[PDB]
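Notes for the one structure printed next.
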Amino acid sequence: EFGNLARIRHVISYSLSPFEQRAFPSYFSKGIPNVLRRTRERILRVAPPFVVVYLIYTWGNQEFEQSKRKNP
Amino acid sequence: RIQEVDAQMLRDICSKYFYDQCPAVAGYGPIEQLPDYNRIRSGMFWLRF
């Protein structure tokens with residue numbers, strides 16, 4: 001509930017009207033580097049398990065296909 | 001100049017200067033319950049008008 005959540009002192013905040021400012025201010029020119037930075041920060045934690053299970057999926061499919069084949 | 005003011009031009013002038021405008025807000029003190037600017041900007045108009 002608003003008004004009794006925290007004790008804040010010596011903090012000033014400045015804003016604008018939504019009619020006084022652009023909706024998309026420097027969208028691509030500041031969005032492509034920031035998305036690239038977040039990607040650079042998170043690929044080494046996210047991607048390699050998915051790459052490993054991609055190789056597990058492909059290996060399992062080819063091993064199933066080879067076990068289908070009649071051994072001479 | 002005062003005597004020429006009736007209710008019709010009063011609400012015409014007030015709809016000119018007050019209705020659906022973007023205000024300037026200044027708060028000082030325990031102002032946590034002071035609403036965010038979108039709430040004041042929504043309070044600058046009525047949906048019943």
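Every chain in the structure tokens takes a letter, A first, then B, and so on in the order presented; its residues are numbered from 1, and the ligands are numbered from 1 following the presented order.
Near chain B, within 8 Å and counting only C-alpha atoms, the residues of chain A are residues 2, 3, 4, 17 and 19 of chain A.
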Report task. Once DSSP has gone over the backbone, tell me which residues of chain A are in alpha helix (DSSP H), as JSON, numbers by chain. Result -> {"A": [27, 28, 29, 30, 31, 32, 33, 34, 35, 36, 37, 38, 39, 40, 41, 42, 43, 44, 45, 46, 47, 48, 49, 50, 51, 52, 53, 54, 55, 56, 57, 58, 59, 60, 61, 62, 63, 64, 65, 66, 67, 68]}
Query raised in the report: Quick one, how far is CA of residue 19 in chain B from CA of residue 40 in chain B?
Result: 11.9 Å
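Note that the spacing between CA of residue 43 in chain B and CA of residue 10 in chain B amounts to 20.0 Å.
From CA of residue 14 in chain B back to CA of residue 44 in chain B, the distance works out to 11.6 Å.
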